[PDB]
$ cat my_file26.txt   # compact mmCIF, C-alpha atoms and all ligand atoms
# COMPACT_ATOMS: atom_id res chain seq x y z
CA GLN I 3 103.02 -157.73 90.07
CA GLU I 4 104.60 -160.87 88.63
CA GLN I 5 108.13 -160.27 87.40
CA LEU I 6 111.11 -162.19 86.06
CA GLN I 7 114.21 -160.05 86.59
CA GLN I 8 117.36 -160.78 84.55
CA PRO I 9 120.76 -158.88 84.46
CA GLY I 10 121.23 -156.75 81.35
CA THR I 11 124.68 -157.92 80.03
CA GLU I 12 127.46 -160.43 80.58
CA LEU I 13 130.81 -159.81 78.78
CA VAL I 14 132.66 -163.15 78.80
CA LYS I 15 135.72 -164.94 77.35
CA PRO I 16 135.69 -167.97 74.97
CA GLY I 17 136.05 -171.21 76.90
CA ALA I 18 134.64 -169.82 80.18
CA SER I 19 131.23 -170.61 81.71
CA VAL I 20 128.65 -168.03 82.72
CA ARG I 21 125.69 -168.31 85.08
CA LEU I 22 122.56 -166.36 84.11
CA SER I 23 119.96 -165.54 86.79
CA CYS I 24 116.20 -165.04 86.67
CA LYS I 25 114.90 -163.58 89.96
CA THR I 26 111.14 -164.16 90.20
CA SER I 27 108.55 -162.31 92.26
CA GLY I 28 104.80 -161.76 92.52
CA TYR I 29 103.75 -165.45 92.35
CA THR I 30 104.72 -168.83 93.88
CA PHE I 31 108.06 -169.72 92.27
CA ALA I 32 107.81 -173.43 93.10
CA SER I 33 104.49 -173.95 91.27
CA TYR I 34 105.15 -172.86 87.62
CA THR I 35 107.56 -174.23 85.00
CA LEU I 36 110.11 -171.74 83.69
CA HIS I 37 111.60 -171.91 80.21
CA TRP I 38 114.78 -170.42 78.71
CA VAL I 39 114.92 -169.11 75.10
CA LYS I 40 117.92 -168.01 72.94
CA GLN I 41 117.47 -165.12 70.47
CA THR I 42 119.79 -164.34 67.52
CA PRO I 43 119.21 -162.16 64.38
CA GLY I 44 119.50 -165.04 61.87
CA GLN I 45 117.80 -167.88 63.75
CA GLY I 46 115.06 -166.06 65.60
CA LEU I 47 114.14 -167.76 68.91
CA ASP I 48 115.35 -171.19 70.06
CA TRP I 49 113.81 -173.10 72.99
CA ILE I 50 116.66 -174.24 75.27
CA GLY I 51 114.83 -176.16 77.99
CA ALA I 52 112.55 -175.84 81.02
CA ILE I 53 112.67 -176.49 84.79
CA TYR I 54 109.89 -177.13 87.30
CA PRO I 55 111.21 -175.21 90.35
CA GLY I 56 109.15 -177.19 92.92
CA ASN I 57 111.29 -180.33 92.44
CA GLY I 58 114.13 -179.26 90.12
CA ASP I 59 113.01 -181.55 87.28
CA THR I 60 114.41 -180.43 83.87
CA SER I 61 113.83 -181.02 80.14
CA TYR I 62 116.31 -179.89 77.49
CA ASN I 63 116.21 -179.45 73.73
CA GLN I 64 118.65 -182.09 72.45
CA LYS I 65 120.63 -179.34 70.74
CA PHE I 66 121.41 -177.62 74.07
CA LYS I 67 121.83 -180.66 76.35
CA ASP I 68 125.60 -180.24 76.65
CA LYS I 69 125.65 -176.43 76.54
CA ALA I 70 123.02 -175.51 79.17
CA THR I 71 122.37 -176.58 82.77
CA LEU I 72 119.21 -175.35 84.49
CA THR I 73 118.85 -175.06 88.26
CA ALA I 74 116.45 -173.46 90.73
CA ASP I 75 116.93 -171.99 94.23
CA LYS I 76 113.65 -171.93 96.15
CA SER I 77 115.28 -169.99 99.03
CA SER I 78 115.78 -166.96 96.76
CA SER I 79 112.96 -167.64 94.23
CA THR I 80 115.67 -167.55 91.52
CA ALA I 81 116.26 -169.81 88.51
CA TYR I 82 119.65 -170.10 86.86
CA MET I 83 121.08 -171.24 83.57
CA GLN I 84 124.75 -172.04 83.25
CA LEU I 85 126.25 -171.93 79.76
CA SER I 86 129.49 -173.93 79.58
CA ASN I 87 132.46 -173.92 77.17
CA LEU I 88 131.50 -170.55 75.64
CA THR I 89 132.11 -169.94 71.92
CA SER I 90 131.21 -167.10 69.52
CA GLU I 91 128.09 -169.14 68.60
CA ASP I 92 126.81 -168.51 72.18
CA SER I 93 126.69 -164.72 71.69
CA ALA I 94 122.96 -163.98 71.89
CA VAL I 95 120.17 -162.72 74.15
CA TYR I 96 118.75 -165.27 76.59
CA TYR I 97 115.28 -164.89 78.12
CA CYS I 98 113.57 -166.72 80.94
CA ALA I 99 109.77 -167.00 80.56
CA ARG I 100 106.51 -168.74 81.37
CA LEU I 101 105.61 -169.94 77.84
CA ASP I 102 102.20 -171.48 78.21
CA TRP I 103 99.89 -168.84 76.76
CA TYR I 104 97.59 -168.62 79.80
CA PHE I 105 100.55 -167.82 82.09
CA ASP I 106 102.62 -165.76 79.55
CA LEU I 107 105.44 -163.86 81.34
CA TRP I 108 108.89 -162.86 80.03
CA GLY I 109 112.10 -161.56 81.54
CA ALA I 110 113.80 -158.71 79.66
CA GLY I 111 116.69 -160.99 78.59
CA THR I 112 120.44 -161.08 79.34
CA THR I 113 122.79 -160.28 76.45
CA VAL I 114 125.75 -162.68 76.58
CA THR I 115 128.65 -161.32 74.50
CA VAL I 116 131.48 -163.82 74.02
CA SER I 117 134.36 -161.49 73.22
CA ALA I 118 137.90 -162.13 71.97
CA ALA I 119 139.44 -159.66 69.52
CA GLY I 120 142.16 -162.08 68.34
CA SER I 134 112.10 -184.04 62.77
CA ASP I 135 111.74 -180.79 64.75
CA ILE I 136 108.90 -178.69 63.38
CA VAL I 137 110.34 -175.83 61.26
CA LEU I 138 108.37 -172.54 61.11
CA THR I 139 109.09 -170.22 58.17
CA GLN I 140 107.94 -166.58 58.26
CA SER I 141 107.41 -164.49 55.13
CA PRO I 142 108.39 -161.70 54.71
CA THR I 143 111.21 -161.45 57.23
CA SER I 144 111.12 -157.63 57.13
CA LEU I 145 108.64 -155.08 55.94
CA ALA I 146 107.96 -151.35 56.06
CA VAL I 147 104.32 -150.27 56.02
CA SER I 148 102.88 -146.74 55.96
CA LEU I 149 100.79 -145.46 58.83
CA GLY I 150 97.18 -146.52 58.31
CA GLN I 151 97.96 -149.37 55.88
CA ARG I 152 97.94 -153.21 56.35
CA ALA I 153 100.73 -155.54 57.39
CA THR I 154 100.27 -159.26 56.56
CA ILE I 155 102.79 -161.89 57.73
CA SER I 156 102.76 -165.59 56.91
CA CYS I 157 104.02 -168.41 59.12
CA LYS I 158 104.15 -171.93 57.67
CA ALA I 159 104.96 -175.10 59.63
CA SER I 160 106.75 -178.15 58.21
CA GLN I 161 104.08 -180.41 59.82
CA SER I 162 100.57 -179.81 61.22
CA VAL I 163 100.42 -178.12 64.60
CA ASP I 164 96.74 -178.95 65.21
CA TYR I 165 95.20 -181.25 67.84
CA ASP I 166 91.45 -181.78 68.48
CA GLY I 167 90.58 -178.86 66.14
CA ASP I 168 92.81 -176.38 68.08
CA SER I 169 96.03 -174.93 66.59
CA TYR I 170 98.93 -175.10 69.03
CA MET I 171 100.50 -171.99 67.53
CA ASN I 172 100.95 -168.54 69.04
CA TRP I 173 102.33 -165.16 67.83
CA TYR I 174 104.64 -163.05 69.99
CA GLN I 175 105.48 -159.34 69.62
CA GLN I 176 108.68 -157.66 70.73
CA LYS I 177 108.57 -153.85 70.57
CA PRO I 178 111.99 -152.09 70.50
CA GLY I 179 113.66 -152.14 73.91
CA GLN I 180 110.81 -154.17 75.49
CA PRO I 181 110.53 -157.90 76.41
CA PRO I 182 108.63 -160.23 74.03
CA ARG I 183 104.97 -160.68 74.91
CA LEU I 184 102.12 -162.91 73.75
CA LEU I 185 100.04 -161.31 70.99
CA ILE I 186 97.69 -164.05 69.68
CA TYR I 187 97.23 -167.55 71.09
CA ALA I 188 95.99 -170.72 69.38
CA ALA I 189 96.14 -169.06 65.95
CA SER I 190 93.22 -166.66 66.24
CA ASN I 191 92.66 -165.46 69.87
CA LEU I 192 93.82 -161.96 70.89
CA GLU I 193 95.63 -161.94 74.26
CA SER I 194 94.04 -159.63 76.90
CA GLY I 195 94.98 -156.01 76.34
CA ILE I 196 95.96 -156.50 72.67
CA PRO I 197 94.19 -154.00 70.33
CA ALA I 198 91.47 -154.99 67.89
CA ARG I 199 93.61 -154.00 64.84
CA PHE I 200 95.50 -157.30 65.21
CA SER I 201 94.00 -160.55 63.87
CA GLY I 202 95.26 -164.05 63.26
CA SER I 203 93.99 -166.81 61.02
CA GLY I 204 95.01 -170.27 59.87
CA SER I 205 95.01 -173.99 60.67
CA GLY I 206 97.12 -177.05 60.06
CA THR I 207 100.43 -175.82 58.61
CA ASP I 208 99.49 -172.30 57.38
CA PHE I 209 98.90 -169.24 59.57
CA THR I 210 98.62 -165.50 58.89
CA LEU I 211 98.93 -162.40 61.11
CA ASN I 212 97.15 -159.23 59.98
CA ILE I 213 97.50 -155.72 61.42
CA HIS I 214 95.28 -152.91 60.11
CA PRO I 215 95.30 -149.99 60.33
CA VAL I 216 98.97 -149.98 61.34
CA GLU I 217 100.01 -147.42 64.03
CA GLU I 218 103.52 -146.29 65.11
CA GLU I 219 103.28 -148.43 68.28
CA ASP I 220 103.09 -151.54 66.05
CA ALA I 221 106.70 -151.32 64.90
CA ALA I 222 108.13 -154.52 66.44
CA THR I 223 109.55 -157.94 65.64
CA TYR I 224 106.87 -160.64 65.36
CA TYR I 225 107.59 -164.34 65.98
CA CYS I 226 105.36 -167.36 65.51
CA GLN I 227 105.73 -170.39 67.77
CA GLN I 228 104.42 -173.93 67.89
CA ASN I 229 103.87 -176.00 71.00
CA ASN I 230 102.11 -179.04 69.54
CA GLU I 231 105.29 -181.19 69.63
CA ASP I 232 108.58 -181.09 71.60
CA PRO I 233 110.77 -179.26 71.27
CA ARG I 234 108.76 -176.06 71.03
CA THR I 235 110.02 -174.10 68.00
CA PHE I 236 109.75 -170.55 66.71
CA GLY I 237 109.94 -168.74 63.37
CA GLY I 238 112.94 -166.62 62.58
CA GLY I 239 110.99 -163.35 63.16
CA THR I 240 109.58 -160.57 60.98
CA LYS I 241 110.68 -156.97 61.68
CA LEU I 242 107.94 -154.46 60.94
CA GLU I 243 108.88 -150.80 60.63
CA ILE I 244 106.85 -147.71 59.67
CA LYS I 245 107.41 -146.55 56.08
CA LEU I 246 107.84 -142.79 56.59
CA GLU I 247 105.81 -140.63 54.19
CL CL I 301 108.26 -171.00 96.15
CL CL I 302 115.95 -183.83 78.89
CL CL I 303 110.20 -163.85 52.33
CL CL I 304 92.86 -181.39 64.49
CL CL I 305 92.85 -150.82 67.39
CL CL I 306 111.70 -167.60 59.30
NA NA I 307 108.93 -165.91 95.61
NA NA I 308 107.01 -165.92 50.67

$ encode --input "my_file26.txt" --output "structure tokens" --more "lines below"
Ligand SMILES: [Cl-]
Ligand SMILES: [Cl-]
Ligand SMILES: [Cl-]
Ligand SMILES: [Cl-]
Ligand SMILES: [Cl-]
Ligand SMILES: [Cl-]
Ligand code: NA
Ligand code: NA
Amino acid sequence: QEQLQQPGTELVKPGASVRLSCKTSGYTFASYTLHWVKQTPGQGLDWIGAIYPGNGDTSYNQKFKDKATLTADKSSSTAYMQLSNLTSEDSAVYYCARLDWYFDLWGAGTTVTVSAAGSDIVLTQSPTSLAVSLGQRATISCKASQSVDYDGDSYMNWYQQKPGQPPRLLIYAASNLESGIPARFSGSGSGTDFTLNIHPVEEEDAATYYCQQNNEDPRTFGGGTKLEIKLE
């Protein structure tokens, strides 16, 4: 099967550099763009940049242009991201992924822990945490600072990350369930306003949910909503 394999942890000093690896298998490495994404508790997910492995071409979010360097090694089907001049603000989890919905694939992420004891579109999620009883409804809003529609399609997806598991696509283009996603999930919305609904909620639905837009560069994500089960 198709896999993106990333090391679990890197424990690193301020001021050093670290190289993160993403070993791919199961498909032709050279033919699909790979993207790197930073996750933190307060800021949700941040798109770092992308590489086309076939030729090594790269694109970077302006905010990461000095911090990250993406490379690819066709001989080992492995992509790498170097993070330079590490600071405490680099502590985070970093994922490699195929982000276009039709090819959705995520690595499990590398935690980078920097340790020393001593006009982008903004997406706002509401609420940012909620507890819902088994059998009841969860409803989560995502609102964009500008329209994410083109030609009557909404270039917005929802992602789910269950505890201990990689993120995965949940709904694409506002209202379409990804293959294998249960019927109790539904998405609505257009323009700047989108809503995820889950009913009836089951235990397996405890997760962090993120919206994402890909109408304009850079791709951006909401800060995440953590759904837990309200024990009765
Ligand atoms: Cl290849
Ligand atoms: Cl660039
Ligand atoms: Cl809120
Ligand atoms: Cl439109
Ligand atoms: Cl269901
Ligand atoms: Cl948010
Ligand atoms: Na390969
Ligand atoms: Na609100």

$ residues_near_ligand --input "my_file26.txt" --ligand "ligand CL 306 (chain I)" --cutoff "10 Å" --atoms "only C-alpha atoms and all ligand atoms" --output "list in words"
residues 44, 45, 46, 47, 137, 138, 139, 140, 141, 142, 143, 156, 157, 158, 225, 226, 236, 237, 238, 239 and 240 of chain I

$ closest_residue --input "my_file26.txt" --among "I:191, I:27, I:155, I:35" --to "ligand CL 303 (chain I)" --atoms "all atoms listed in the file"
I:155

$ residues_near_point --input "my_file26.txt" --point "(121.1, -176.0, 77.1)" --cutoff "10 Å" --atoms "only C-alpha atoms" --output "PyMOL selection string"
chain I and resi 38-40+49-52+61-72+83-86

$ closest_atom_pairs --input "my_file26.txt" --of "chain I" --to "ligand CL 304 (chain I)" --cutoff "7 Å" --atoms "only C-alpha atoms and all ligand atoms" --output "Markdown table"
| residue | atom | partner | partner_atom | distance |
| --- | --- | --- | --- | --- |
| I:164 | CA | I:CL304 | CL | 4.6 |
| I:165 | CA | I:CL304 | CL | 4.1 |
| I:166 | CA | I:CL304 | CL | 4.2 |
| I:167 | CA | I:CL304 | CL | 3.8 |
| I:168 | CA | I:CL304 | CL | 6.2 |

$ residues_around --input "my_file26.txt" --residues "range 177-180 of chain I" --least-positions-apart "3" --cutoff "12 Å" --atoms "all atoms listed in the file" --output "number ranges by chain"
I: 10, 97, 108-111, 174, 183-185, 218-225, 240-243

$ residues_near_point --input "my_file26.txt" --point "(102.8, -171.0, 86.8)" --cutoff "9 Å" --atoms "all atoms listed in the file" --output "number ranges by chain"
I: 29-36, 100, 102, 105-106

$ build_atoms --input "my_file26.txt" --residues "range 201-226 of chain I" --atoms "N, CA, C and O atoms" --output "short mmCIF file (atom, residue, chain, number, x, y, z; two decimals), keeping the file's coordinate frame"
data_model
loop_
_atom_site.label_atom_id
_atom_site.label_comp_id
_atom_site.auth_asym_id
_atom_site.auth_seq_id
_atom_site.Cartn_x
_atom_site.Cartn_y
_atom_site.Cartn_z
N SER I 201 94.83 -159.37 64.10
CA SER I 201 94.00 -160.55 63.87
C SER I 201 94.89 -161.68 63.38
O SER I 201 95.92 -161.46 62.74
N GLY I 202 94.51 -162.90 63.73
CA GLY I 202 95.26 -164.05 63.26
C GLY I 202 94.28 -165.05 62.66
O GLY I 202 93.13 -165.14 63.10
N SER I 203 94.78 -165.80 61.68
CA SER I 203 93.99 -166.81 61.02
C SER I 203 94.86 -168.04 60.78
O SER I 203 96.11 -168.00 60.89
N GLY I 204 94.23 -169.14 60.34
CA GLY I 204 95.01 -170.27 59.87
C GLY I 204 94.65 -171.56 60.61
O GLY I 204 93.92 -171.54 61.60
N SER I 205 95.15 -172.67 60.06
CA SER I 205 95.01 -173.99 60.67
C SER I 205 96.03 -174.90 60.01
O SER I 205 96.55 -174.58 58.92
N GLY I 206 96.32 -176.02 60.68
CA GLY I 206 97.12 -177.05 60.06
C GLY I 206 98.58 -176.64 59.99
O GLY I 206 99.23 -176.62 61.01
N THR I 207 99.05 -176.30 58.77
CA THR I 207 100.43 -175.82 58.61
C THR I 207 100.49 -174.34 58.24
O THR I 207 101.60 -173.84 58.16
N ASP I 208 99.38 -173.64 57.95
CA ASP I 208 99.49 -172.30 57.38
C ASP I 208 98.74 -171.29 58.23
O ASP I 208 97.54 -171.44 58.49
N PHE I 209 99.47 -170.23 58.66
CA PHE I 209 98.90 -169.24 59.57
C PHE I 209 99.27 -167.85 59.08
O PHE I 209 100.30 -167.69 58.37
N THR I 210 98.42 -166.87 59.40
CA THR I 210 98.62 -165.50 58.89
C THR I 210 98.31 -164.51 60.02
O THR I 210 97.25 -164.60 60.64
N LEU I 211 99.19 -163.52 60.22
CA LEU I 211 98.93 -162.40 61.11
C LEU I 211 98.61 -161.18 60.25
O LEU I 211 99.36 -160.89 59.30
N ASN I 212 97.55 -160.46 60.65
CA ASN I 212 97.15 -159.23 59.98
C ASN I 212 97.13 -158.09 60.99
O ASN I 212 96.70 -158.28 62.14
N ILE I 213 97.58 -156.91 60.56
CA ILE I 213 97.50 -155.72 61.42
C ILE I 213 96.95 -154.60 60.52
O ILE I 213 97.55 -154.29 59.48
N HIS I 214 95.81 -154.01 60.90
CA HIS I 214 95.28 -152.91 60.11
C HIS I 214 94.24 -152.16 60.93
O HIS I 214 93.38 -152.80 61.56
N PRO I 215 94.23 -150.81 60.93
CA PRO I 215 95.30 -149.99 60.33
C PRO I 215 96.54 -149.94 61.21
O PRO I 215 96.40 -149.78 62.43
N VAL I 216 97.72 -150.05 60.59
CA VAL I 216 98.97 -149.98 61.34
C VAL I 216 99.18 -148.59 61.99
O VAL I 216 98.97 -147.56 61.35
N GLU I 217 99.60 -148.60 63.27
CA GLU I 217 100.01 -147.42 64.03
C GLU I 217 101.50 -147.51 64.38
O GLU I 217 102.11 -148.57 64.32
N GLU I 218 102.11 -146.37 64.82
CA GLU I 218 103.52 -146.29 65.11
C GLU I 218 103.93 -147.32 66.17
O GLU I 218 105.00 -147.92 66.07
N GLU I 219 103.03 -147.51 67.16
CA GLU I 219 103.28 -148.43 68.28
C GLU I 219 103.41 -149.88 67.78
O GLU I 219 103.81 -150.76 68.53
N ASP I 220 103.10 -150.15 66.52
CA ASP I 220 103.09 -151.54 66.05
C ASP I 220 104.43 -151.93 65.44
O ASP I 220 104.64 -153.10 65.08
N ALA I 221 105.36 -150.96 65.30
CA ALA I 221 106.70 -151.32 64.90
C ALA I 221 107.33 -152.26 65.94
O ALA I 221 107.39 -151.91 67.13
N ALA I 222 107.75 -153.45 65.52
CA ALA I 222 108.13 -154.52 66.44
C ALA I 222 108.67 -155.68 65.61
O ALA I 222 108.52 -155.68 64.37
N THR I 223 109.25 -156.67 66.28
CA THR I 223 109.55 -157.94 65.64
C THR I 223 108.51 -158.96 66.11
O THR I 223 108.20 -159.03 67.30
N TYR I 224 107.94 -159.68 65.12
CA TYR I 224 106.87 -160.64 65.36
C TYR I 224 107.45 -162.04 65.16
O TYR I 224 108.07 -162.32 64.14
N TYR I 225 107.13 -162.97 66.10
CA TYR I 225 107.59 -164.34 65.98
C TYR I 225 106.39 -165.30 66.12
O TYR I 225 105.53 -165.11 66.98
N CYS I 226 106.33 -166.30 65.23
CA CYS I 226 105.36 -167.36 65.51
C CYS I 226 106.05 -168.46 66.31
O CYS I 226 107.28 -168.56 66.34
#
